[PDB]
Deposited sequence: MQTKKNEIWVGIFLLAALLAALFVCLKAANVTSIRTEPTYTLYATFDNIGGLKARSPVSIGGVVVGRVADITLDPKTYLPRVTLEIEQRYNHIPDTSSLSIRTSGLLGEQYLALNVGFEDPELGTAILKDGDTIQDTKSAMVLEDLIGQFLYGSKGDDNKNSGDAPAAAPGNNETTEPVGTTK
């Protein structure tokens, strides 16, 4: 029975090395406040950006119960801290049909709200100003 523990240990080693092929080769290697008027197609856990680099995610998308304006919250890590107050937030998409992401451009700490906004644009009302 001496060869039984050797082949079992090979089978136990083959099950651990194959788990690294689906983990290492595969994808297993402070909160702010704002509001908008038109969101587009965003949802929860969206990759917010300051132009192409990722900094955090979106907790949820809520709406105001008085004016019915949507409120957007997002988390920003503490490595990037000094941002001015006139940093406008614009809504763009990743190319043509990719997932939309908040592309902000440049100290707003936890509990602070970004005042300036720039809502997204749907393709139905831009042609009213493009043609007429």
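Absence of C-alpha coordinates is noted for several segments of the deposited sequence, namely 1-2, 32-39, 117-126, 153-183.
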